[PDB]
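In the form deposited in one PDB entry, a lone chain appears below as structure tokens.
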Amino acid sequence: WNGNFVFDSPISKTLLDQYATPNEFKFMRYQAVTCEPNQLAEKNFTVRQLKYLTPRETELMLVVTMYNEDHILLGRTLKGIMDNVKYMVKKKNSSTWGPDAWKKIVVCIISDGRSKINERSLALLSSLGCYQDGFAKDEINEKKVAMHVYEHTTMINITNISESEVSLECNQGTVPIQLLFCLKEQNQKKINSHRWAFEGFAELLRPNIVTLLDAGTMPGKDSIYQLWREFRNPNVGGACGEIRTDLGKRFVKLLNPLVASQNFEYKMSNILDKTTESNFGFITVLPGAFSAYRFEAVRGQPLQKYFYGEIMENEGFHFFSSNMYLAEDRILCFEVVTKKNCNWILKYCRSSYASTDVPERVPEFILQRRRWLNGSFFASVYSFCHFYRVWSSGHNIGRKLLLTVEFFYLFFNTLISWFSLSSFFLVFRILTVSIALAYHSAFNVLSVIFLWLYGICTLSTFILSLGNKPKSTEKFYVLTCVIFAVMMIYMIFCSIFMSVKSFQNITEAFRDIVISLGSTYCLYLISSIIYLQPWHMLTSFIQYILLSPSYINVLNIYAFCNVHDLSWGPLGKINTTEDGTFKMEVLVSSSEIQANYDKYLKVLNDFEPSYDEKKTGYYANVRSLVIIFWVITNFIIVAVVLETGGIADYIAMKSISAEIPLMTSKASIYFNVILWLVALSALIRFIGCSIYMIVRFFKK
């Protein structure tokens, strides 16, 4: 048909039996896509939405990218989607959604790898009627087929998902859903799945909004509709929602101390950072979040530089052009906001949420955060370096000024996060030596012991992150996290104990610690109260404080030590039937003997590797230059403050031209500066959250 392989094989008699309990419900269509994603329209490839008597104008296209997820995660995502669609078809007073909105929504499941996909998921997919085995082809007319497209409109919905089963039923209350199962055949990464979603089927369907989901992310009963409502404002070019950690049956997972930490971290992030950024107009949407992008807004330059990167490039490598892939989705946001002659803004929707599952062991936690930290660091660097693009866009003067201010503040936060390695050690060492030097009881030996414990855990973390893999050594990482938590406890004890003794004595530089610690805690709590989600402030808060030194001295170290994933990397056969082989006049020729010799004589008379190894060498050099600069700059700060690195020796020698004192006023000055910075950051984020809630309330 039209030069492409197609097939319409009716679904199983069983499925068709319940579906009946029109043509598109009754056949399942297959399509062998053998072209590039950016050639779907010109190759005469189409989708059923475009074949009926009246073509279907789609309003919302939902992309689910699955790699090897079990049927539970995918079933969770699909159940969320079907619940949303049922809500949107039961809506009464609405111009867009209605009893036939099931026709304006398309679900696109871009599976990755025919080898990698879990059959557990294909069981669910075929049970829904969007897939069946037998007619998947491996190459068509000397061309390898790039992916397989199965299209069905199933009338069944998942209504219950226990810990082991998914309940599929077909009643008068179920709604049809337009599935579209894409299935790549070889393991190309997530960016290629997005390339198929955006440059491929979105070019044929022409949706209004394009929503990106993952496998295992459950949207709420009402989340997708609330995210769709954000695009009423014609200036909105993107949006995102809140991300909740799901705690399992009656919050059983809170007993794990690595899940409570992430619960508090997620809810703090959503309450403070997302609202503060959304006030200005530019967001940097969280990885696990589900986002939506107006097709017109992302169409053109944003997509082009998200997929291919900076085109202007010679045969050699350039820094931003060849590393931008580390900040994958955060380039779409930056290019949408700063589009030329266009005033798109990014908005954060709090009425839309989705509950995802978080890692529960340290190895996978570290491996997950390795991508987040690198992405956030490179995205901030790039966005700060290219802030002049804000003044070439179409925004008004006030919105350009606001975006410039936000880009400066984001780089300020990145600069703070870069020096955390030295900041934590400086605070810890100054505090432990100050209390020892003031009270003398047993804190001298504790100071020495804790200095040595940190150094044995920092050195080992560097070495294992540079050479080993987290899965190989999990017990050591658990031990390191426990040791850092104990050090945190000791730091808290020192601060409280000296503050209490100074209160009894009344010093300023230590009673100030009480002043700030209370201010930032109260700002956190007041923001939580205003956001109307305050239970995290006590339920899962302590574990965040204890596993916070391990987020600054383990996740950061592994993230920086693993910037890029560097993977370095006949004739003749005899089978005699029975003591007898094949004879001939070949070789017997003597002239050939003088001819299979003269050639060899001449070869004793006559007297850079591929692009992959070159790119790998460049990536390794970049990774080892970043690490070295990080360590050197942090030690520069430490040696300037504590007078380590032989500086105190040098000053003593100049004075002789004496001996080293125990502590100086630089320690006090630095100790005040750090808490001032922390207080300023907390104040800024509190003000941002307050403005967000006030504006939202007035608009509502």
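Each residue number is its position in the shown sequence, starting from 1. For clarity, a rigid core is taken as the largest C-alpha set superposing within 1.5 Å between two forms.
S.K.: If we scan the other compared entries, does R399 go without coordinates in at least a third?
M.R.: Counting only entries that model residues on both sides, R399 is resolved in every one of them.
S.K.: For the other entries of this protein included in the comparison (both sides of the residue modelled), is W568 absent in a third of them or more?
M.R.: Negative; every one of those entries includes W568.
S.K.: If the chain runs straight from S657 to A658, say none; otherwise bin the unmodelled deposited residues as 1 to 3, 4 to 9, or 10 or more.
M.R.: A long stretch, 10 or more residues, is missing between them.
S.K.: Indicate whether the chain is continuous between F607 and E608 or, if not, how many deposited residues are absent from the coordinates: none, 1 to 3, 4 to 9, or 10 or more.
M.R.: Unresolved stretch here: 4 to 9 residues.
The same protein has a further form, the form deposited in another entry, not shown here; the description that follows concerns it.
S.K.: I want to make sure I read this right: if the two forms are fitted on their rigid core, which of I463, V405, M584, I628 has a C-alpha displacement of 2 angstroms or more between the shown form and the other one?
M.R.: The displaced C-alpha is that of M584.
S.K.: If the two forms are fitted on the core, does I552 show a Cα displacement reaching 2 angstroms between the shown form and the other one?
M.R.: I552: C-alpha displaced by less than 2 Å between the shown form and the other one.
S.K.: Checking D512 here: with the core superposed, does its CA move 2 Å or more between the shown form and the other one?
M.R.: Yes; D512 is a residue whose C-alpha shifts (by 2 Å or more) between the shown form and the other one when the cores are overlaid.
S.K.: Do you see a C-alpha shift of 2 Å or more at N575 between the shown form and the other one, with the core held fixed?
M.R.: Yes.
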